[PDB]
Amino acid sequence: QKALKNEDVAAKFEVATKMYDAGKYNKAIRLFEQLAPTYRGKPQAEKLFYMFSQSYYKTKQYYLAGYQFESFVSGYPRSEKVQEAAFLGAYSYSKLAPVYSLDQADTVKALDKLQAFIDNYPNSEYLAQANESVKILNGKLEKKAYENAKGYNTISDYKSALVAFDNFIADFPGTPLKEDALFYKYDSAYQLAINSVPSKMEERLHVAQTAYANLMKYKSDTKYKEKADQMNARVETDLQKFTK
Amino acid sequence: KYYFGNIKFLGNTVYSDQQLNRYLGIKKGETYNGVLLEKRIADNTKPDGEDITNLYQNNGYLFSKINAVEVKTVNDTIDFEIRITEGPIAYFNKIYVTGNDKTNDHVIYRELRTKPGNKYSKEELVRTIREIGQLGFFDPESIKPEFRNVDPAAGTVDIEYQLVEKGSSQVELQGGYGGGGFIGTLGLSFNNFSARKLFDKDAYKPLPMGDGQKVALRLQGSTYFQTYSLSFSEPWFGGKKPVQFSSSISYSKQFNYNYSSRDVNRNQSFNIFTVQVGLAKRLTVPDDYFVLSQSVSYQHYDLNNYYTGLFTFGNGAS
Amino acid sequence: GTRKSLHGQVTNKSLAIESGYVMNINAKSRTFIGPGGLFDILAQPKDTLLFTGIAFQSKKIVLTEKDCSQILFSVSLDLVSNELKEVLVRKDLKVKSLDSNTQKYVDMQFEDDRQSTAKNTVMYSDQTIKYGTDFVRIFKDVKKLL
């Protein structure tokens, strides 16, 4: 309070150091924000901006911490702790990743930073956590696409579900959700064939058989084998009516 | 002065020259009007105009372009050769939305009329914009559908819906005039409520958000009546079909009003407390144009010196 | 063996090809080469299509069952002269887009469809006025007019 109003940057900086020492990150942040522009560039600016970004990080203000850490590496190039700021900068932006349902604008941004951090600083100490975060972030993108495709099947619209699932099993290869996508693709074609115009019922029946084979070929001991076998029985039975 | 004459169409493989002539509706001998010709070919003022361009774009011809060219001009008579560039038919491949920071994708994807695997249609895109704007969670002036990965050879187009969230909460200030008297309604509505997270106090910013459920607290009044109600509506009950589930609790005080003389005796009035629950769903049989509505209600009437007409128990309750 | 419409695009490796005329000598019909080289003609398999233009060399191709089935029957027209100017970087075909201010589209009135929630007509009033004066909308319009 007294240091904030007072123009003596030295006293305010010393006071801020004490605040950050005892975990008073909330109080020190207020004083540090004002002294950040005037104390920029100065030789002691390495310690100021370092704790400044650390306080934001410890206060869960990931957005502010990410930007502060990013500029810390940018401004001060060869700081003794540049690597730590680089990792925490990307790791902070990743914490702000929304759920798969919401817009994944921050998820892409976090991936770019995390990916670049690995390439720019190989054989780092934080490489393990960086890879784990990347895998978690990539899961959100896959889950979003899978849920969107499965959303059609929930509201029927089986014609759109086939197209959506076809793209998903192609845009995201080698994913743990492939088994589920394969089954729902078969269900979408099964429901579309059992209830369709008699003119093109044969075409849809064939697609159902193809989807069933793909599901079984992927994992013979699929969890949906009981239901899948029952569905194929109807397709084969109905196919006999078109055995010209 | 110049008169129209010899209107011919080139490149119209899908539609014959006879069908197009009827749509254009321009006969020889009429006065030359440039505005009329462009209006009939492509009416840019409105998106639902009955023009030749809309005829092609509404049937999958995304790359259609119609341009009029004046061929000859002799004896004050101008001749036009309408050139139509049909192009290949296009289908919707990938439909994704961006910009939804506070609204779940399932709420937006279920209101999109542009289904993947269907032929491109301008009416579906316009209808989708209207439906997205009806939700109220986005900016009515920024619902921009952007075409992406356009592949004329493969005949597939990807649509990206860029939305700008503007808050789910809304204020209702409506007015009307009926029955010879003015009526006004005032209320606050939260169109993105989520009853699932009601008990969850962690996410309680301006009431739990998420699902497209709507909760509204409105007040309606007139010269002879005033009503206060709390309503909860579920646009998609069950999550599979657009089944609407609504509930409401209201309290109204209706005064004795003489519609003949437009005079109200404030000394005679009755209070009505009603609780209603309803379920409406579109039927698939006999056809998809049938809708079934069901409702259960409980009301309590409290008469207060309401001795008029056939009401002899002016101080009782029903 | 069908006279179904044939959609094709003419492409040159040095300069964008526009203008010209394409005719089927079998059916004696004519068409034009519009923007982007798109052309639409009613031709059947085993038909000869003649391509003529000011900027390219005359060509005569015989349509086959394979070409008639393709969505976009691309054709390569040799450009007269041999200037050889760059490689003519490909450009996407122009497509009409809706207006930037989508307020007009949102204001359009439409009837309920299969994808719209059902309206309950056997319930009491919801304390709302249908098609009534919206003061909040009026207030927003006034602000935009300032």
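Residues B:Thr114, B:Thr223, C:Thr2 in ascending order of nearby Cβ atoms (within 10 Å, fewest first): C:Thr2, B:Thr223, B:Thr114.
Taking each of B:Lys39/C:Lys144; A:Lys143/A:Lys219; C:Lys96/C:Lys140; A:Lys185/B:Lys240; B:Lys166/B:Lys241 in turn, the alpha-carbon distance tops 25 angstrom for B:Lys39/C:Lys144; C:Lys96/C:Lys140; B:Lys166/B:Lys241. As a rough guide to protection, the peptides A:182-191, B:305-314 ranked by mean Cβ packing within 10 Å, highest first, stand as A:182-191, B:305-314. Looking at this model, which pairs from A:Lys225/B:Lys197; B:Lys281/C:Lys130; B:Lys144/C:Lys13 are more than 27 angstrom apart at the alpha-carbon? The answer is A:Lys225/B:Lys197; B:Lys144/C:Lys13. Here the gap between A:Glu125 and A:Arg40, fully extended at 0.36 nm per residue and compared with their Cα-Cα distance, gives a gain of 27.7 nm.
Our helix-only sum for chain C, with -39,500 (n - 2.57) per DSSP H run of n ≥ 4 divided by its residues, gives a mean residue ellipticity at 222 nm of -3500 deg cm²/dmol.
Over segment C:33-82, the pair-distance histogram of Cα-Cα distances with 5 Å bins from zero comes to 4, 17, 29, 26, 15, 6, 2 percent, rounded to whole numbers. Counting only other chain Cβ atoms within 10 Å of each residue's Cβ, the peptide B:195-208 averages 0. For segment C:83-118, the list of trypsin sites (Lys or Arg not before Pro) that fall in a loop by DSSP and count at most 12 other C-beta atoms within 10 angstrom reads C:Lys85, C:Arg90, C:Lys91, C:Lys94, C:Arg114.
With respect to chain A, whose longest principal axis is taken over its alpha-carbon atoms, helix A:225-239 is tilted by about 40°.
Each helix, a run of at least 4 DSSP H residues, gives -39500 (n - 2.57); summed and divided by the residues of chain A, these come to -24500 deg cm²/dmol at 222 nm.
A viscosity of 1.306 mPa s and a temperature of 10 °C, combined with the Kirkwood radius over C-alpha pairs in the Stokes-Einstein formula, give segment B:182-318 a diffusion coefficient of 89 µm²/s. Note: relative contact order over chain B, using C-alpha pairs below 8 Å and six or more positions apart, is 9 percent. Build a GNM of chain B with springs between Cα atoms under 10 Å apart, and of B:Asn33, B:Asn192, B:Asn118 the one that fluctuates most is B:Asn33. Placing +1 on the Cβ of every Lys and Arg and -1 on the Cβ of every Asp and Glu, with nothing else charged, gives segment C:71-146 a dipole about its Cα centre of roughly 260 debye. Considering helices alone, the calculated mean residue ellipticity of chain B at 222 nm is -3500 deg cm²/dmol, with DSSP H runs of length four and up weighted by -39500 (n - 2.57) and normalised per residue. When a/c is below 1.5 the answer is rounded, else prolate if a/b is larger than b/c, else oblate, so apply that to segment B:251-299 with a ≥ b ≥ c taken from the square roots of the Cα gyration tensor eigenvalues. Oblate shape, in that a/c is at least 1.5 and b/c is the bigger or equal ratio. Across all C-alpha atoms in chain C, the radius of gyration and Dmax reach 26.7, 80 Å.
The angle between the Cα long axis of helix A:9-21 and the longest principal axis of the Cα atoms of chain A comes to about 50 degrees, rounded to the nearest 10. Peptide B:47-58 shows a mean partner chain C-beta count of 1 within 10 Å per residue C-beta.
Taking only the C-alpha atoms of chain A, Rg followed by Dmax gives 28.1, 96 Å. Treating each Cα of segment B:1-96 as an identical point scatterer and summing with the Debye formula, the log10 of I(q)/I(0) at q = 0.13, 0.14, 0.22 Å⁻¹ comes to -0.47, -0.54, -1.15. If you model segment B:102-154 as an ellipsoid using its alpha carbon gyration tensor, with each semi-axis the square root of five times an eigenvalue, the axes come out at 22, 12, 11 Å, biggest first. Among rounded, prolate and oblate, which fits the protein assembly as shown when a ≥ b ≥ c are the square roots of the eigenvalues of its C-alpha gyration tensor, a/c under 1.5 means rounded, and a/b larger than b/c means prolate? Oblate, because a/c is 1.5 or more while a/b does not exceed b/c.
Exposure proxy ranking for A:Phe168, B:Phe147, C:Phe139, based on other Cβ atoms within 10 angstrom of each Cβ and starting from the fewest, stands as C:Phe139, B:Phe147, A:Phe168.
Between B:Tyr15 and B:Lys201, the simple spin-label model (points 7 angstrom out along Cα→Cβ) gives 6.5 nm. Listed from fewest to most Cβ neighbours within 10 Å, the set A:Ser133, A:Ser156 follows the order A:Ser156, A:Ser133. What FRET efficiency comes out for the pair A:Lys223/A:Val99, r = Cβ-Cβ distance, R0 = 25 Å, nearest 0.05? E between A:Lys223 and A:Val99, to the nearest 0.05, is 0.45. Each peptide in B:86-94, C:8-16 gets a packing score, the mean of other Cβ atoms within 10 Å over its residues, and the list from highest to lowest is B:86-94, C:8-16.
Under the shape rule built on the C-alpha gyration tensor, where the axes satisfy a ≥ b ≥ c, segment A:1-49 is oblate, since a/c reaches at least 1.5 while a/b does not exceed b/c. For the peptides C:59-66, A:50-57, residues were scored by their other Cβ atoms within 10 Å and the scores averaged per peptide; the highest-first order is A:50-57, C:59-66. Once the Cα atoms are used to define both axes, helix B:122-135 deviates from the longest principal axis of chain B by about 20 degrees. Taken over the alpha carbons of segment C:96-146 as equal point scatterers, the Debye sum produces base-10 log I(q)/I(0) values at 0.15, 0.23, 0.32 Å⁻¹ of -0.73, -1.13, -1.21.
Taking the Cα of B:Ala154, stepping 7 Å toward and past its beta carbon, and measuring to each backbone N in segment C:45-81: which are under 16 Å? Those under the cut-off are C:71-72. Across peptide B:273-283, the average count of Cβ atoms from other chains found within 10 Å of a residue's Cβ is 3. Inter-part distance, segment A:75-142 to segment B:42-118, computed on C-alpha centroids, equals 43 Å. Projecting the alpha carbon convex hull of segment A:101-168 along each direction and taking the average yields 5.3 nm².
For neighbour counting, all protein chains shown are included, and Cβ atoms are generated from backbone atoms with ideal geometry for every residue, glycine included. A short reminder: the numbers here are calculations on the coordinates, not readings from a lab.
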